[PDB]
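S.K.: To start, I am sharing the structure in question, which I have written as structure tokens.
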Amino acid sequence: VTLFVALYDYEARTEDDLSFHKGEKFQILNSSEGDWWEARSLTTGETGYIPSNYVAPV
Amino acid sequence: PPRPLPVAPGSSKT
């Protein structure tokens with residue numbers, strides 16, 4: 001079990017990062033690389049890389 | 001390079 005929510009919003013300025021607002025659920029699949037992990041949008045379904053400091057455990 | 005990391009909204013401002 002590893003569900004993290006976005007504590008803040010973010011506008012993906014690239015085709016790699018993602019876009020969402022506080023309250024959006026995210027599935028952190030890999031969080032070992034730099035400070036950016038790859039989460040999967042449970043709503044849209046597209047995966048991307050978001051700031052790890054912008055998400056926290058349920 | 002060093003991940004940018006959008007600094008949260010200042011020190012919890014507003």
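Within each chain, counting starts at residue 1; across the structure tokens, chains are named A, B, ... in the order shown, with ligands numbered 1 upward in that order.
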Kindly provide, as number ranges by chain, the residues of chain A having any atom no farther than 12 Å from an atom of chain B, counting only C-alpha atoms.
M.R.: A: 6-13, 17, 22, 33-37, 49-55
S.K.: Can those selected residues be exported to a file as an mmCIF file, in the first residue's frame so that it contains N, CA and C atoms?
M.R.:
```cif
data_model
loop_
_atom_site.group_PDB
_atom_site.id
_atom_site.type_symbol
_atom_site.label_atom_id
_atom_site.label_comp_id
_atom_site.auth_asym_id
_atom_site.auth_seq_id
_atom_site.Cartn_x
_atom_site.Cartn_y
_atom_site.Cartn_z
ATOM 1 N N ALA A 6 -1.280 14.834 -3.579
ATOM 2 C CA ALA A 6 -0.495 16.063 -3.881
ATOM 3 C C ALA A 6 -0.833 17.148 -2.857
ATOM 4 N N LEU A 7 0.126 17.555 -2.072
ATOM 5 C CA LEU A 7 -0.141 18.608 -1.052
ATOM 6 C C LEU A 7 -0.267 19.967 -1.744
ATOM 7 N N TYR A 8 0.064 20.034 -3.005
ATOM 8 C CA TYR A 8 -0.038 21.328 -3.736
ATOM 9 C C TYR A 8 -0.349 21.060 -5.210
ATOM 10 N N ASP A 9 -0.592 22.091 -5.970
ATOM 11 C CA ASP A 9 -0.902 21.895 -7.415
ATOM 12 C C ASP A 9 0.391 21.982 -8.230
ATOM 13 N N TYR A 10 0.332 21.651 -9.492
ATOM 14 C CA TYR A 10 1.556 21.716 -10.338
ATOM 15 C C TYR A 10 1.156 21.644 -11.814
ATOM 16 N N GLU A 11 1.732 22.479 -12.636
ATOM 17 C CA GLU A 11 1.381 22.458 -14.086
ATOM 18 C C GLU A 11 2.516 21.804 -14.874
ATOM 19 N N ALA A 12 2.302 20.614 -15.364
ATOM 20 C CA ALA A 12 3.370 19.926 -16.142
ATOM 21 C C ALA A 12 3.800 20.813 -17.313
ATOM 22 N N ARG A 13 4.955 21.414 -17.222
ATOM 23 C CA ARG A 13 5.427 22.290 -18.331
ATOM 24 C C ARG A 13 6.161 21.442 -19.372
ATOM 25 N N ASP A 17 6.713 15.545 -16.952
ATOM 26 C CA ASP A 17 6.031 15.790 -15.649
ATOM 27 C C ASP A 17 4.518 15.643 -15.827
ATOM 28 N N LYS A 22 -3.851 20.156 -5.478
ATOM 29 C CA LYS A 22 -3.884 19.512 -4.136
ATOM 30 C C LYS A 22 -5.155 18.669 -4.007
ATOM 31 N N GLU A 33 15.132 7.548 -7.574
ATOM 32 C CA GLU A 33 15.978 8.446 -8.407
ATOM 33 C C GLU A 33 16.122 9.802 -7.714
ATOM 34 N N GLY A 34 16.343 10.839 -8.471
ATOM 35 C CA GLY A 34 16.501 12.193 -7.865
ATOM 36 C C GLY A 34 15.316 12.495 -6.943
ATOM 37 N N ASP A 35 15.107 13.745 -6.629
ATOM 38 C CA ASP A 35 13.974 14.112 -5.730
ATOM 39 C C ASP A 35 12.648 14.003 -6.488
ATOM 40 N N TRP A 36 12.685 13.588 -7.724
ATOM 41 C CA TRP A 36 11.421 13.469 -8.504
ATOM 42 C C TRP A 36 11.064 11.994 -8.686
ATOM 43 N N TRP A 37 9.863 11.617 -8.336
ATOM 44 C CA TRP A 37 9.455 10.192 -8.492
ATOM 45 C C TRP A 37 8.430 10.078 -9.622
ATOM 46 N N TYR A 49 6.330 12.131 -14.037
ATOM 47 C CA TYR A 49 7.253 12.349 -12.886
ATOM 48 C C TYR A 49 6.863 13.634 -12.152
ATOM 49 N N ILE A 50 6.564 13.535 -10.885
ATOM 50 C CA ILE A 50 6.178 14.749 -10.112
ATOM 51 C C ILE A 50 7.147 14.932 -8.940
ATOM 52 N N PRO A 51 7.201 16.137 -8.438
ATOM 53 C CA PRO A 51 8.082 16.477 -7.307
ATOM 54 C C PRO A 51 7.725 15.627 -6.086
ATOM 55 N N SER A 52 8.682 14.936 -5.532
ATOM 56 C CA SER A 52 8.398 14.086 -4.345
ATOM 57 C C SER A 52 8.015 14.973 -3.158
ATOM 58 N N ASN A 53 8.536 16.170 -3.106
ATOM 59 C CA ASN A 53 8.200 17.079 -1.973
ATOM 60 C C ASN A 53 6.782 17.630 -2.164
ATOM 61 N N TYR A 54 6.112 17.225 -3.208
ATOM 62 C CA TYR A 54 4.730 17.726 -3.448
ATOM 63 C C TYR A 54 3.725 16.600 -3.197
ATOM 64 N N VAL A 55 4.162 15.515 -2.618
ATOM 65 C CA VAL A 55 3.225 14.388 -2.350
ATOM 66 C C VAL A 55 3.576 13.736 -1.011
#
```
S.K.: Give me every strand (DSSP E or B) residue in chain A, going by DSSP on the backbone, as a PyMOL selection string.
M.R.: chain A and resi 3-6+10+17+20+25-30+36-41+47-51+55-57
S.K.: What would the file look like if the residues just selected were written as an mmCIF file, in the first residue's frame with N, CA, C and O atoms?
M.R.:
```
data_model
loop_
_atom_site.group_PDB
_atom_site.id
_atom_site.type_symbol
_atom_site.label_atom_id
_atom_site.label_comp_id
_atom_site.auth_asym_id
_atom_site.auth_seq_id
_atom_site.Cartn_x
_atom_site.Cartn_y
_atom_site.Cartn_z
ATOM 1 N N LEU A 3 -0.194 4.950 -1.271
ATOM 2 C CA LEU A 3 -0.960 6.012 -1.983
ATOM 3 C C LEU A 3 -0.524 7.385 -1.465
ATOM 4 O O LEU A 3 -0.573 7.657 -0.282
ATOM 5 N N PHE A 4 -0.093 8.253 -2.341
ATOM 6 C CA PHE A 4 0.347 9.605 -1.894
ATOM 7 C C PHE A 4 -0.539 10.673 -2.539
ATOM 8 O O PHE A 4 -0.919 10.567 -3.688
ATOM 9 N N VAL A 5 -0.869 11.701 -1.807
ATOM 10 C CA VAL A 5 -1.728 12.775 -2.376
ATOM 11 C C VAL A 5 -0.880 14.020 -2.640
ATOM 12 O O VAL A 5 0.128 14.243 -1.999
ATOM 13 N N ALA A 6 -1.280 14.834 -3.579
ATOM 14 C CA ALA A 6 -0.495 16.063 -3.881
ATOM 15 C C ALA A 6 -0.833 17.148 -2.857
ATOM 16 O O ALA A 6 -1.953 17.612 -2.776
ATOM 17 N N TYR A 10 0.332 21.651 -9.492
ATOM 18 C CA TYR A 10 1.556 21.716 -10.338
ATOM 19 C C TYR A 10 1.156 21.644 -11.814
ATOM 20 O O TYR A 10 0.332 20.842 -12.206
ATOM 21 N N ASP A 17 6.713 15.545 -16.952
ATOM 22 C CA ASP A 17 6.031 15.790 -15.649
ATOM 23 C C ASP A 17 4.518 15.643 -15.827
ATOM 24 O O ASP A 17 4.038 15.304 -16.890
ATOM 25 N N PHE A 20 -1.761 18.659 -11.976
ATOM 26 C CA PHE A 20 -2.862 18.301 -11.039
ATOM 27 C C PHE A 20 -3.005 19.383 -9.968
ATOM 28 O O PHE A 20 -2.378 20.422 -10.032
ATOM 29 N N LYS A 25 -5.049 12.199 -6.048
ATOM 30 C CA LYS A 25 -4.343 10.967 -5.596
ATOM 31 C C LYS A 25 -3.235 10.620 -6.593
ATOM 32 O O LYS A 25 -3.297 10.976 -7.752
ATOM 33 N N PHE A 26 -2.222 9.927 -6.150
ATOM 34 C CA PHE A 26 -1.113 9.558 -7.074
ATOM 35 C C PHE A 26 -0.521 8.213 -6.648
ATOM 36 O O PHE A 26 -0.429 7.907 -5.475
ATOM 37 N N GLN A 27 -0.119 7.406 -7.591
ATOM 38 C CA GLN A 27 0.467 6.082 -7.241
ATOM 39 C C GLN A 27 1.982 6.121 -7.458
ATOM 40 O O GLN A 27 2.466 5.947 -8.559
ATOM 41 N N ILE A 28 2.735 6.349 -6.416
ATOM 42 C CA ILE A 28 4.217 6.401 -6.565
ATOM 43 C C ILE A 28 4.746 5.004 -6.894
ATOM 44 O O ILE A 28 4.729 4.112 -6.069
ATOM 45 N N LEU A 29 5.220 4.808 -8.094
ATOM 46 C CA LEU A 29 5.754 3.470 -8.474
ATOM 47 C C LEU A 29 7.255 3.427 -8.191
ATOM 48 O O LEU A 29 7.774 2.460 -7.670
ATOM 49 N N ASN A 30 7.956 4.472 -8.531
ATOM 50 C CA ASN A 30 9.425 4.499 -8.282
ATOM 51 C C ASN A 30 9.804 5.824 -7.617
ATOM 52 O O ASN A 30 9.555 6.889 -8.147
ATOM 53 N N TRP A 36 12.685 13.588 -7.724
ATOM 54 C CA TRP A 36 11.421 13.469 -8.504
ATOM 55 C C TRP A 36 11.064 11.994 -8.686
ATOM 56 O O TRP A 36 11.866 11.202 -9.140
ATOM 57 N N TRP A 37 9.863 11.617 -8.336
ATOM 58 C CA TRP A 37 9.455 10.192 -8.492
ATOM 59 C C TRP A 37 8.430 10.078 -9.622
ATOM 60 O O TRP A 37 7.917 11.065 -10.110
ATOM 61 N N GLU A 38 8.126 8.881 -10.039
ATOM 62 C CA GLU A 38 7.131 8.703 -11.134
ATOM 63 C C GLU A 38 5.808 8.217 -10.539
ATOM 64 O O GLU A 38 5.703 7.106 -10.061
ATOM 65 N N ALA A 39 4.797 9.043 -10.560
ATOM 66 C CA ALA A 39 3.486 8.626 -9.991
ATOM 67 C C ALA A 39 2.483 8.401 -11.125
ATOM 68 O O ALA A 39 2.640 8.911 -12.217
ATOM 69 N N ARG A 40 1.452 7.644 -10.872
ATOM 70 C CA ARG A 40 0.436 7.386 -11.931
ATOM 71 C C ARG A 40 -0.881 8.061 -11.545
ATOM 72 O O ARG A 40 -1.426 7.820 -10.485
ATOM 73 N N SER A 41 -1.399 8.907 -12.394
ATOM 74 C CA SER A 41 -2.680 9.597 -12.072
ATOM 75 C C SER A 41 -3.809 8.568 -11.995
ATOM 76 O O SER A 41 -4.132 7.913 -12.966
ATOM 77 N N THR A 47 0.857 8.149 -16.649
ATOM 78 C CA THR A 47 1.912 8.235 -15.599
ATOM 79 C C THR A 47 2.895 9.356 -15.949
ATOM 80 O O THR A 47 2.980 9.790 -17.080
ATOM 81 N N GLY A 48 3.637 9.827 -14.983
ATOM 82 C CA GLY A 48 4.613 10.920 -15.256
ATOM 83 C C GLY A 48 5.536 11.094 -14.048
ATOM 84 O O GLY A 48 5.531 10.296 -13.132
ATOM 85 N N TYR A 49 6.330 12.131 -14.037
ATOM 86 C CA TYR A 49 7.253 12.349 -12.886
ATOM 87 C C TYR A 49 6.863 13.634 -12.152
ATOM 88 O O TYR A 49 6.835 14.705 -12.725
ATOM 89 N N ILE A 50 6.564 13.535 -10.885
ATOM 90 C CA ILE A 50 6.178 14.749 -10.112
ATOM 91 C C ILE A 50 7.147 14.932 -8.940
ATOM 92 O O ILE A 50 7.807 13.997 -8.531
ATOM 93 N N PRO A 51 7.201 16.137 -8.438
ATOM 94 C CA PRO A 51 8.082 16.477 -7.307
ATOM 95 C C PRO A 51 7.725 15.627 -6.086
ATOM 96 O O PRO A 51 6.590 15.592 -5.653
ATOM 97 N N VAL A 55 4.162 15.515 -2.618
ATOM 98 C CA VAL A 55 3.225 14.388 -2.350
ATOM 99 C C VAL A 55 3.576 13.736 -1.011
ATOM 100 O O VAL A 55 4.712 13.750 -0.581
ATOM 101 N N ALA A 56 2.609 13.162 -0.351
ATOM 102 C CA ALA A 56 2.884 12.508 0.959
ATOM 103 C C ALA A 56 1.982 11.281 1.114
ATOM 104 O O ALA A 56 0.979 11.161 0.439
ATOM 105 N N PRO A 57 2.371 10.408 2.004
ATOM 106 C CA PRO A 57 1.618 9.172 2.278
ATOM 107 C C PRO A 57 0.206 9.511 2.762
ATOM 108 O O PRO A 57 -0.019 10.525 3.392
#
```
S.K.: Point out the residue among A:31, A:19, A:14, A:44 with the least atom-to-atom distance to residue 2 of chain A, counting only C-alpha atoms.
M.R.: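 Using only C-alpha atoms, the shortest distance to residue 2 of chain A belongs to A:31.
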